[PDB]
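> structure of the sequence below:
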Amino acid sequence: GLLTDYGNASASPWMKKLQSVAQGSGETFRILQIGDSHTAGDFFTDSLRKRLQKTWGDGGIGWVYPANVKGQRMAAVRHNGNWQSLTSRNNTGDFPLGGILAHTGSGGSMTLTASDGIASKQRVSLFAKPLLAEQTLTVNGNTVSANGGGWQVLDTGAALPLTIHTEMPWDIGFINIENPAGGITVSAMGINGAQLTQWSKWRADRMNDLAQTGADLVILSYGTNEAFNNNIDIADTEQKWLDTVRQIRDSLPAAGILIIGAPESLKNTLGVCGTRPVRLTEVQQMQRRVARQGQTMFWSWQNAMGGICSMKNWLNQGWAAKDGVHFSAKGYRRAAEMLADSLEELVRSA
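Numbering: from 1, shown residues only. Shown next is the protein structure:
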């Protein structure tokens with residue numbers, strides 16, 4: 001119902017990897033959710049994280065912020081250091097995939113500490129761009145060096161708590177922190193206010209970054225902010241979305257793709273039903289058509305909530321925030337548990 005497969009998940013390379021993980025192959029199945037504020041809060045993705053890791057294995061915390069990001073949250077890790085984040089929300093820059101970077105400065109320091117969960121040894125990768133080629137940094141004392149200049153991914157091995165020292169300045173992107181025993185990771189790549197087309201704000205080679213995430217399931221979670229643009233061109237947007245899906249399949253041939261249809265939002269809540277933004281329905285329908293033409297999976301967040309005229313009720317019962325757009329912690333948890341439910345069923349239907 002809530003989940004519609006317009007591809008063939010049962011015969012896909014990524015289902016086969018997941019089934020094999022479910023049986024104890026020791027591999028790591030990486031779920032990567034790229035989206036807007038709903039994603040950036042981590043309440044949704046973290047619920048998804050906890051659910052699917054109990055079911056199929058805790059593969060570690062995955063790709064996390066390199067530093068605290070104002071107005072955004074990482075549930076799985078805590079940050080202590082002097083690095084300074086920058087995001088594509090209000091700014092321009094040479095962003096790697098995700099639209100977040102952090103300026104380390106000289107004499108730079110960052111420690112990441114695991115919230116709950118396990119706390120021993122880990123595989124570590126970092127998106128990173130040095131000021132100078134061949135430049136180095138340390139990860140738990142161990143010297144790690146760039147190869148040439150420009151954004152690249154640095155691979156090494158460490159353990160949590162993770163401490164990173166930069167004698168000279170770097171820009172750092174997301175940091176991958178994987179448990180060697182394998183399992184599931186759920187990575188959240190959110191930007192408050194973001195629309196999918198705004199990957200255009202990130203660097204030209206952003207798809208090479210995507211290719212390097214090792215994502216087995218890319219979840220695209222947008223629509224809310226597109227829906228508040230009263231003058232949005234749906235046909236232009238639809239083409240951009242199909243292009244993006246195409247680029248994702250080129251970049252990650254083996255990954256599945258899930259598009260999350262936008263939740264009901266309200267332009268105002270004075271209705272006892274509220275009133276929807278004028279372009280919301282067109283945006284949601286566009287997203288489903290893209291899913292079908294791109295042969296992706298589609299999960300209807302609006303239908304998860306109960307369909308049209310459901311947001312007002314969610315608000316009244318405290319599962320959605322007062323603004324009729326964002327959700328409460330338990331609202332996001334609830335919604336993601338339904339998504340997790342939907343995915344386990346899809347898998348169970350072997």
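> where does residue 45 sit: helix, strand or coil?
Look at residue 45: counting by DSSP: H, G, I helix; E, B strand; the rest coil, its state is helix.
> ok, for it, nearest residue in space, not its chain neighbours?
Spatial nearest neighbour of residue 45, excluding adjacent residues (Cβ to Cβ, 6 or more residues apart in numbering): residue 188 at 3.9 Å. For the C-beta atoms, the positions are set from N, CA and C on the backbone; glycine is no exception.
> residue 20 should be in a helix, yeah?
Yes: the assignment for residue 20 is a helix, going by three-state DSSP.
> tell me how far it lies from residue 350.
12 Å (Cβ to Cβ, to the nearest Å).
> please apply the same query to residue 146.
Residue 146 is 45 Å from residue 350, by Cβ to Cβ.
> so which of these two has more stuff around it?
Neighbour count, other Cβ atoms under 10 Å: between residue 146 and residue 350, residue 146 has more, with 20 against 6.
> what's the burial count for the closest residue to that one other than its chain neighbours?
Nearest non-adjacent residue to residue 146, counting by Cβ to Cβ, 6+ apart: residue 130, 4.4 Å away. Neighbour count for residue 130, taken as other Cβ under 10 Å: 24.
> host element of the residue nearest to residue 45?
strand 183-190 (DSSP states H and E).
> what sits against residue 257?
Neighbouring residues of residue 257 by Cβ atoms under 8 Å, 6 or more residues apart in numbering: 7, 217, 218, 219, 220, 245, 248, 249, 294, 296, 297.
> can you show me the helices along the stretch 201-350 of the chain?
206-211, 234-251, 280-293, 301-305, 311-316, 329-348 (DSSP state H, counting those that start in this stretch).
> packing partners of the longest one?
Helices and strands in packing contact with helix 329-348 are listed as strand 3-5, helix 13-22, helix 43-56, strand 297-300, helix 301-305; criterion 3 or more Cβ pairs under 8 Å, 6 or more residues apart in numbering; DSSP states H and E.
> mind putting these into a markdown table with distance to residue 122 and mean neighbour count?
A markdown table is the format used below for the helices and strands packed on helix 329-348 (distance: least, Cβ to Cβ, whole Å; neighbours: other Cβ atoms under 10 Å):
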| stretch | distance to residue 122 | mean neighbour count |
| --- | --- | --- |
| strand 3-5 | 32 | 18 |
| helix 13-22 | 18 | 17 |
| helix 43-56 | 15 | 22 |
| strand 297-300 | 30 | 22 |
| helix 301-305 | 32 | 21 |
